[PDB]
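Along the sequence shown, residues are numbered consecutively beginning with 1. FYI, side chains are in, hydrogens and waters are out, and symmetry mates aren't considered; it's all heavy atoms of this structure. Just so you know, ligand 1 is whichever comes first in the structure, and atom 1 is the first atom listed for that ligand.
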Amino acid sequence: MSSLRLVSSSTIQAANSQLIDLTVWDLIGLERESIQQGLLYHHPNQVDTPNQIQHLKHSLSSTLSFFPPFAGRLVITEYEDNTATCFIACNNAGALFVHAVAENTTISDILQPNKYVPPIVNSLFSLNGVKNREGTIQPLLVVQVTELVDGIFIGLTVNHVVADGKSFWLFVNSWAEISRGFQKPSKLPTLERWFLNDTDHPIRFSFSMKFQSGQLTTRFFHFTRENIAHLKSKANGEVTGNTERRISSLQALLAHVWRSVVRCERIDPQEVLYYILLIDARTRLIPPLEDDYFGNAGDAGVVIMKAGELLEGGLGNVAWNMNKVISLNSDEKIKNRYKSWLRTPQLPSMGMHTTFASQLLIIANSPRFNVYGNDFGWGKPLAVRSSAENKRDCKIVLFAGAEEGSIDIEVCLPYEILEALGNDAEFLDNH
Ligand SMILES: CC(C)(O)[C@H]1CC[C@](C)([C@H]2[C@H](O)C[C@@]3(C)[C@@H]4C[C@H](O[C@@H]5O[C@H](CO)[C@@H](O)[C@H](O)[C@H]5O)[C@H]5C(C)(C)[C@@H](O[C@@H]6OC[C@@H](O)[C@H](O)[C@H]6O)CC[C@@]56C[C@@]46CC[C@]23C)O1
């Protein structure tokens, strides 16, 4: 019979004071969840496991020297007028390293064949459910390494006020390099964060103030490079007037997934639908931020369409609308939205009351993040998984696929819609 237990929990400080001021993008995450993603590895041959665990521990400490925020803590000051400030103290209080053993549990137990994410996956991460503002006391980075019969799982819990998805995977890429023998990471973070004026920080903000919540389930779908290329051509072929074939591969796929989810739920064609993209500000500010700007730097772009138009209007029209919402996130709108936020600095509510699954769909992560380059010395990973802690939001999480140019999507929806999707030949997934 299989089981799961914790062997040890250890504080990891940076191998070798300063403060970081947080900007609007960072503060918005204070009352939300951590990023919880991890990497699954197969051990074809025998491995000296105590030596592997020790090597991950020491290479983690070496990497933290280059990313001191992950070894620090948040500092929150609450004021009588119900406002607050927040910053990161790089005080080297340390990350947390959790060593767990899943007896009689295997790779294939974790990757159930073309099925749903099994419950064991959520236990491969530590500090599940902890909101980011609890980083005043809790580590900003927790690493759980779980031993399996035929491999290991490396699961990270990262405070979303400190880092977005891009920065999460910058750190993982850099940790893998250090573990492989690199002296320094190949990409060094930019740690000073963005404000329109030096006088803005510390920003003084206020805290506080869903269909089938708690009942959602999670399933992965795989999209080959070919099927993606097929959808891009189709979408661009349907919008000829004014096109140099500028609908991207990702836009076409996301448009296709949106249509497929709505098709499978079978809803009134008068329903209004909201599709939440996160648009990176790094490349869009003038002057742009550094590519390796370490923090949050992205804004919701909300695509809105009637269900009837979404389906009856064709793939290219949906993808064209997405392309246009992305294009409106200009340097002007980023800066004006920032300025407008400073004058009503309220952390957001997570939005409307939803009465069906397709109503509000959140798109997270990106296929541009490097998942399969994370060789720590024992080979590339077999798969990427998240904690699947979320059972509240209808959500699509994007991952680079194992094959060149493919994409894995992790879909969190009611079970019956995920079943319809897996039986829909128009949904052009594979495996
Ligand atoms: C266009 C309309 C008609 O007005 C309206 C109708 C209403 C709505 C559908 C819009 C609101 O209008 C604003 C809206 C987007 C909310 C406020 C947030 O958006 C931020 O709102 C603040 C202001 O409060 C802006 O300044 C930021 O630019 C913006 O980003 C976001 C995030 C950032 C927390 C978001 O989380 C990221 O999901 C992507 C992942 O990749 C990341 O991991 C992850 O963090 C989850 C969704 C969520 C909660 C909601 C939900 C949907 C809302 C409620 O559109």
Side-chain angles (χ1 to χ4, degrees), residues 22-37 131-133 156-169 194-196 200 203 205-211 213 250 254 257-258 271-282 284-285 295-306 321-322 324-326 328-369 386-390 392-399 409-412:
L22 296 167
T23 187
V24 170
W25 300 309
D26 304 306
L27 296 169
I28 282 156
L30 268 171
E31 295 186 287
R32 298 189 48 103
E33 324 295 324
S34 61
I35 302 161
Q36 300 190 286
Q37 291 169 9
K131 312 279 167 257
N132 295 312
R133 72 169 299 175
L156 294 84
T157 298
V158 161
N159 188 298
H160 207 331
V161 172
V162 183
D164 63 357
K166 186 181 190 185
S167 307
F168 179 104
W169 286 101
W194 181 81
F195 306 82
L196 197 62
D200 294 337
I203 292 159
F205 65 90
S206 285
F207 291 97
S208 270
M209 175 199 52
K210 295 298 187 281
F211 180 72
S213 171
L250 188 43
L254 289 174
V257 168
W258 195 9
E271 301 290 4
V272 177
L273 311 174
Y274 310 86
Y275 211 49
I276 314 298
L277 311 163
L278 194 86
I279 306 169
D280 201 323
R282 284 165 175 93
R284 301 186 164 74
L285 283 161
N296 300 266
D299 293 304
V302 189
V303 193
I304 304 175
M305 281 187 81
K306 266 204 303 285
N321 268 267
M322 288 186 203
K324 279 171 175 177
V325 168
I326 290 163
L328 303 182
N329 206 75
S330 76
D331 177 72
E332 167 271 318
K333 195 26 71 176
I334 293 161
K335 281 159 176 169
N336 271 326
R337 176 166 44 227
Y338 172 90
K339 289 169 62 54
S340 161
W341 202 97
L342 288 192
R343 50 85 74 86
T344 319
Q346 302 172 357
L347 304 194
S349 73
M350 307 100 62
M352 73 214 44
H353 163 55
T354 57
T355 59
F356 57 102
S358 320
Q359 184 163 29
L360 176 63
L361 291 168
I362 293 152
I363 309 303
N365 219 49
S366 157
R368 301 173 154 220
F369 303 160
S386 81
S387 73
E389 176 78 0
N390 162 59
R392 176 190 71 201
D393 302 326
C394 299
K395 191 163 170 196
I396 293 150
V397 182
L398 306 167
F399 292 106
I409 65 171
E410 183 202 48
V411 184
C412 179

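In this structure, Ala297 and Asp280 approach most closely via the heavy-atom pair O-OD1, 3.3 Å.
To the nearest 0.5 Å, atom CG of residue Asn329 and atom CG of residue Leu278 are 9.0 Å apart. Rounded to the nearest 0.5 angstrom, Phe356 CZ and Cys394 SG are separated by 10.0 Å. From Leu360, atom CG reaches atom CE of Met350 across 10.5 Å, with rounding to the nearest 0.5 Å. Rounding to the nearest 0.5 Å gives a distance of 8.5 Å between CG of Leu273 and CE of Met305. One distance of note links CD of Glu410 with CG of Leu398; it measures 10.0 Å at 0.5 Å rounding. Rounded to the nearest 0.5 Å, atoms CG (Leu277) and CE (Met322) are 6.5 Å apart.
The protein atom (non-hydrogen) at minimum distance from atom 40 (C) of ligand 1 is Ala364 CB, 3.8 Å. Of all protein heavy atoms, the one closest to atom 22 (C) of ligand 1 is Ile28 CD1, 4.2 Å. Annotation: atom 49 (C) of ligand 1 to nearest protein heavy atom, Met350 CA, 3.8 Å. For atom 53 (C) of ligand 1, the closest non-hydrogen atom of the protein is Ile276 CD1, 4.9 Å. Of all protein heavy atoms, the one lying nearest to atom 24 (O) of ligand 1 is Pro348 CB, 3.3 Å. What sits closest to atom 38 (O) of ligand 1 on the protein, heavy atoms only, is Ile362 CG2, 3.6 Å. When hydrogens are left out, the protein atom nearest atom 54 (C) of ligand 1 is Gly351 CA, 3.7 Å; that is the closest non-hydrogen contact. Scanning all protein heavy atoms for the shortest distance to atom 43 (O) of ligand 1 gives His160 NE2, 3.1 Å.
Within the 4.0 angstrom cut-off, atom 12 (O) of ligand 1 has no protein heavy-atom neighbours. Less than 4.0 angstrom separates atom 18 (C) of ligand 1 from none of the non-hydrogen atoms of the protein. Within a 4.0 Å radius of atom 32 (C) of ligand 1, the protein has no heavy atom. Per-atom contact check: atom 7 (C) of ligand 1 touches the protein, criterion being a heavy-atom distance below 4.0 Å. Counting only heavy atoms, the protein never gets under 4.0 Å from atom 4 (O) of ligand 1.
Side-chain N/O atoms of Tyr275 and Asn321 include no donor and acceptor closer than 3.5 Å. In this structure, a donor-acceptor pair under 3.5 Å is present between the side chains of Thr157 and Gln36. A side-chain N or O of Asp164 and one of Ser167 form a donor-acceptor pair less than 3.5 Å apart.
Comparing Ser349, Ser340, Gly301 against atom 16 (C) of ligand 1, the shortest heavy-atom distance belongs to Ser349. Of the listed options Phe168, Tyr274, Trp341, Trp341 places a heavy atom closest to atom 23 (C) of ligand 1. Looking at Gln359, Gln346, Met352, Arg337, it is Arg337 that brings a heavy atom closest to atom 25 (C) of ligand 1. With distances taken over non-hydrogen atoms, the option nearest atom 55 (O) of ligand 1 out of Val303, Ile304, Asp164, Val302 is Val302. Nearest-heavy-atom check against atom 46 (C) of ligand 1 across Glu33, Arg32, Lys395 picks out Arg32.
Here the side chains of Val302 and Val325 are not in contact, with every heavy-atom distance at 4.5 Å or above.
Only the backbone of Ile363 comes within 4.0 Å of ligand 1, judged by heavy-atom distances. Within the 4.0 Å heavy-atom criterion, both parts of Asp299, backbone and side chain, lie near ligand 1.
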Could you walk me through whether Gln37 and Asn365 pass the side chain to side chain donor-acceptor pair (under 3.5 Å) test, one step at a time? CA-CA 10 Å; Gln37 291 169 9; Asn365 219 49; 3.3 Å; yes
Could you please spell out the steps behind the salt bridge (charged side-chain N to carboxylate O under 4.0 Å, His left out) verdict for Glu271 and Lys306? CA-CA 6 Å; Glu271 301 290 4; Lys306 266 204 303 285; over 6 Å; no
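Using a 4.0 Å cut-off to heavy atoms of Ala300, the atoms of ligand 1 that qualify are 15 (C), 19 (O), 28 (O), 29 (C), 30 (O).
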